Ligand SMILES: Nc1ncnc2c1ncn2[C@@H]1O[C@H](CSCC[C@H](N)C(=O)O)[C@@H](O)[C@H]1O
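Taking the form deposited without the ligand, here's one chain by itself in structure tokens.
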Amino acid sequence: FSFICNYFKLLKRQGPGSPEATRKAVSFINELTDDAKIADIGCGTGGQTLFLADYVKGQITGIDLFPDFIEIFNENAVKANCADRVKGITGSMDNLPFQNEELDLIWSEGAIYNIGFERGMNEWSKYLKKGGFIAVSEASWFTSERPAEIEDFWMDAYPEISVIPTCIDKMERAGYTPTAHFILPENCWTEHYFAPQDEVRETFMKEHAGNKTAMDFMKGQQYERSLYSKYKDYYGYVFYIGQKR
């Protein structure tokens, strides 16, 4: 749980996605002013955060469990002349540091740990203002049944994975207007998630030859890719955008 996160500090992103993907998500929320308070829960290194900051106005707060990630986050915000509005702090997903009706937007791209789609939608809602938006990319099914292999893997990493209708149904239950939903372009995995893991893949080996667990980790990593190229028609990330009623 430690060493994992340490290897990810090297990548510019800890999960599928893309500028365009984060951009098409914002195209469904209402314009915000510099006064708007925004929150990216599970921001990680802030890869998507800066993409977001580029398309909206307001003050953004990044929140992640892993401090090393936040350390880089603020460093990236500074290197990007915007650490005045975009700030990062450690905290937990199930105990957010906010107040009722304080936020205008709740962003989260399934990065760094999780607490169940259903659970998040309800708990995070009391922080969002009325008419405020919630946008989150979540792994889901694209059909009513898939082969066993992909079925099992997911049912062992994140069992609350489900068909899109259920996700959309949980939203309305949580008090959201299902504004929009859309599947992240296949490129969000290959180019923007797997590819990056390549540069490092080489020197990672030399750097971690003998280490036994380091190797089991890689196989695990190379197992997602070979799992995606094989079943990408049965699953993937889906961006959900809903307005609090």
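Under this definition, the rigid core comprises the largest set of C-alpha atoms superposing within 1.5 Å between the forms. Each residue number is its position in the shown sequence, starting from 1. Shifts are known only where both forms have a C-alpha.
- Relative to its counterpart among 174-182 and 25-33, 25-33 has the higher mean temperature factor, C-alpha atoms as listed in the PDB entry.
- The deposited model assigns a higher average Cα B-factor to 226-234 than to the other stretch when 226-234 and 11-19 are compared.
- Residues shown: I38, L52, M215, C188. Highest C-alpha temperature factor in the entry: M215.
- Of the candidates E102, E138, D84, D169, the deposited coordinates give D84 the top C-alpha B factor.
- Sort the chain's modelled residues by C-alpha temperature factor and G220 lands in the highest third, per the entry.
- Among all modelled residues in its chain, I70 ranks in the middle third by Cα B-factor.
- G62: CA B factor in the lowest third of modelled residues in this chain (values from the PDB entry).
- Sort the chain's modelled residues by C-alpha temperature factor and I106 lands in the lowest third, per the entry.
- When all modelled residues of the chain are sorted by CA temperature factor, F117 is found within the lowest third.
A second form of this protein, the form solved in complex with the ligand, is not displayed here; the remarks below concern that form.
- Using a 2.4 Å cut-off against backbone and C-beta atoms, the ligand, superposed onto this form from its pose in the deposited bound form, places 3 or more atoms that close, and the site is blocked.
- The ligand is not shown here, but in the deposited bound form it comes within 4.5 Å of a heavy atom of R13.
- Contact between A111 and the ligand in the deposited bound form is found at the 4.5 Å heavy atom cutoff.
- In the deposited bound form, at least one heavy atom of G91 sits within 4.5 Å of a heavy atom of the ligand.
- Among heavy atoms of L65, some come within 4.5 Å of the ligand in the deposited bound form.
- Remark: of stretches 196-204, 37-45, 210-218, 183-191, the one touching the ligand in the deposited bound form is 37-45 (heavy atom within 4.5 Å).
- Once you line up the core between the shown form and the other one, the CA of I112 is the only one from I112, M121, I168, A135 that shifts by 2 Å or more.
- Note: the CA-CA distance for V78 and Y113 expands in the deposited bound form relative to this form, by 3 angstroms or more.
- Compared with the form shown here, the C-alpha atoms of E71 and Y113 sit at least 3 Å farther apart in the deposited bound form.
- In sequence order, 111-113 is the sole run of at least 3 residues present in both forms whose Cα atoms shift by 2 Å or more between the shown form and the other one once the core is superposed.
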